[PDB]
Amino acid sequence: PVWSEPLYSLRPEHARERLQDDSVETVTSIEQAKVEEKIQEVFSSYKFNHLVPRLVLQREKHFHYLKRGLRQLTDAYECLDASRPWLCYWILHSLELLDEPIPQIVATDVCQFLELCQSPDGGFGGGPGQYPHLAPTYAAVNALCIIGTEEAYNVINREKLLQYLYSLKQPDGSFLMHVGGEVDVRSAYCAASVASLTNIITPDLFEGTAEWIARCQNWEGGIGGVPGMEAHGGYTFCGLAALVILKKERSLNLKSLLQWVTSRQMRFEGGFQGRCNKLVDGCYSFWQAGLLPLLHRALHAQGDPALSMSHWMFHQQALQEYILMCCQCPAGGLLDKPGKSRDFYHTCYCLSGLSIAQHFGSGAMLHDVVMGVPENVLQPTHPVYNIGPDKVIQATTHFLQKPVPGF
């Protein structure tokens, strides 16, 4: 009809989704109300301005921001001086999602830079001369795979990488993040991601890892950083994704996991929160929503007959509305929520989450939902690795040609 609002967040009934604090005010409700009031303003802006809403992904602005950042950054990034391979990954992936080609001048310089970050003993550090750490190692491998050239693949010293992973492995199945470092579920994922992509998984490398990850699932249904800790989207993504790689998703109670992640989508804002009773944040558009494709693939493998054949188990439309309307910086780049400043991390994860929300794929079955202008459509992302499905296939195929170190 004519009175019909096609944007879910602008429908009159949507106002019913506002927080009900039961007249019991606590820090949690107060903070939540503040965000909802700010988000409501964004939603009502077109109406107060008397303009018809048009959801446009500011591609050219995002491209300029990324293109320059891949080369040079301000001192605002001093706090990420130990995360340079992440800056490479976040930027290259955002460009890949936006379907912007990677010039070979750029590709070769990234390769050479990541080589400088590679440790003589395996793994990659946060910058040249820094000790190897599993997080920048995961980021470096992903970045080299996004490039996907023989030169890129050849940068990875597979023998030393495997040695590095073994030096971090613990008797309980977990891994340290780096020598003398902390332990949490991120390490299991970083290790499984790089080891699977490079084909260096020996028969015992991940002995007990699936069990350790399974111990992280708590009473909430989600997964915490270490056994006993509160369920958290980033760690849950790390746990499930790692288990999917190890082909042990079944160690988890997938039912409670699914109920927990779906409950993390915010009824009013449309985006996802990282933990129950916390605020919405654009990066969780990936960590949380990315779980749905994983759960769909797992449940389906168990012959689940009730699974939809066209949608993920989350409000794809509402997530897209949240990102497009509330997470774009006018000058380029994406963010956490209105009032927050842009950064490459949020640019990478908001776009990743947007791609997940736009594309449903389950074998022969394929169904897209592109909110706003059709030019808004991004390139698909692999739900386990968060790099193009084609890069994943290409990389794995290439490394399967080499033999697992030692044989």
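Numbers for residues come from their place in the sequence shown, where the first is 1. Just so we're on the same page, rigid core means the largest C-alpha set that superposes within 1.5 Å between forms.
Asker: Which of the two stretches, 24-32 or 41-49, moves more in 8 other deposited structures of this protein when the core is held fixed, judged by C-alpha RMS distance?
Answerer: Checking 24-32 against 41-49 in 8 other deposited structures of this protein, I find the farther stretch is 41-49.
Asker: Regarding 293-301 and 227-235, which shows the higher C-alpha temperature factor on average in the entry?
Answerer: The entry gives the higher C-alpha B-factor average to 293-301.
Asker: Do the C-alpha atoms of 369-377 or of 351-359 have the higher average B factor in the entry?
Answerer: Per the PDB record, 369-377.
Asker: Name the residue from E211, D184, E321, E100 with the greatest C-alpha temperature factor listed in the entry.
Answerer: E100 has the highest C-alpha B-factor of those listed.
Asker: Given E96, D172, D121, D81, identify the residue with the highest C-alpha B factor in the PDB entry.
Answerer: In the PDB entry, the greatest C-alpha B-factor among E96, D172, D121, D81 is found at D121.
Asker: Could you tell me which third, lowest, middle or highest, the C-alpha B-factor of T198 occupies within its chain?
Answerer: As the PDB entry reports it, the C-alpha B-factor of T198 lands in the middle third of its chain.
Asker: Name the third of the chain's ranked CA B-factors that contains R54, choosing lowest, middle or highest.
Answerer: Answer is highest: the recorded C-alpha B-factor places it there.
Asker: Ordered by C-alpha B-factor within the chain, which third holds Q288? Give me lowest, middle or highest, please.
Answerer: Bottom third by C-alpha B-factor.
Asker: Should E36 be placed in the lowest, middle or highest third of its chain by the C-alpha B factor in the entry?
Answerer: Within its chain, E36 is a middle-third residue by C-alpha B-factor, going by the deposited values.
Asker: Using only modelled residues of the chain, where does the Cα B factor of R342 rank: lowest third, middle third or highest third?
Answerer: Tercile = middle for this residue's CA B-factor.
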